[PDB]
């Protein structure tokens, strides 16, 4: 069938009219920031949140920067924590590009969203960001830390979009390998899971749908320069064996119909199912990649967030019984 995009996503697809691969990453990031600040709709209907900037200090003196958002009037309430990893191909993206998505998730889920400002590539390479994210989850799951930011570590979930979905997936595999049972759910929004740039979705949507093959290649080349390293399952979790993926957290995998990453996201969901996990995998029709890193939120983006919230609410209900509490 021929893809019929929804109006918003069509608009975005045609709007993308500049090659970021021709510029240095700092320039691209500054242009991105400007495109958010200069969007006249960027602040319209933006929910109000209580925001806190938090630094966690590692052993040697290094820092992980966390941005924590929560609904207003939750000052003495303990909330479920959502540790969020943003997309941007490991090279761009920020609390600003994902402000819309994060503020909406915060007030719809009534959760503390813990946004990890991880180190971007190429200034660092794989696996530095991954280790920062794992360290952030480990920090949040620790009882005294969770008390300090009024969240309930028994409801911790990881969530992320695109390259952030990759990070969510592999942080889960990694925590499993360290014998930790601290992540209760993973939400993967059109994740990067492999480096095969000739899957059918890659062929069909290689150009003119905002996220391009060219851009994916550029991202991978900055993140993992030496191609052999791409064989690590912590880079490309689709290459993992079924046994590698057993006993992972309850998962929601969301894919876009018109997206180069569609096939690998759906194949990763099939592998998670083979491995006996609790997996919900859904493809949304008529949308493209990138609806969650913009100044505004498409109608379908909003439906998707309502879905994610319903699923999170079920996840937390599952926990609450058999009690913790």
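Residue numbers count along the first chain shown, from 1.
Greater mean Cα temperature factor according to the PDB record, 262 to 270 or 55 to 63: Per the PDB record, 55 to 63.
Check the entry's C-alpha temperature factors for 76 to 84 and 183 to 191, then say which stretch has the higher mean. On average, C-alpha B-factors are higher across 76 to 84.
Among 161, 132, 200, 229, which residue carries the highest C-alpha B-factor recorded in the PDB entry? Of the candidates given, the C-alpha B-factor peaks at 229.
If I read the C-alpha B-factors straight from the PDB entry, which of 47, 299, 40, 286 is highest? By C-alpha B-factor in the record, 40 ranks first.
Using the B-factors in the PDB entry, rank residue 241's C-alpha atom against the chain and give the third, lowest, middle or highest. It falls in the top third of the chain.
Which third, lowest, middle or highest, does the C-alpha temperature factor of residue 311 belong to within its own chain? Lowest third.
Taking the C-alpha B-factors as the PDB entry records them, is residue 171 in the lowest, middle or highest third of its chain? Residue 171: CA B-factor falls in the middle third of its chain.
Comparing residue 295 with the other modelled residues of its chain, is its CA B-factor in the lowest, middle or highest third? Tercile = middle for this residue's CA B-factor.
What third of its chain, lowest, middle or highest, does the C-alpha temperature factor of residue 91 fall into? Its C-alpha B-factor belongs to the lowest third of this chain's values.
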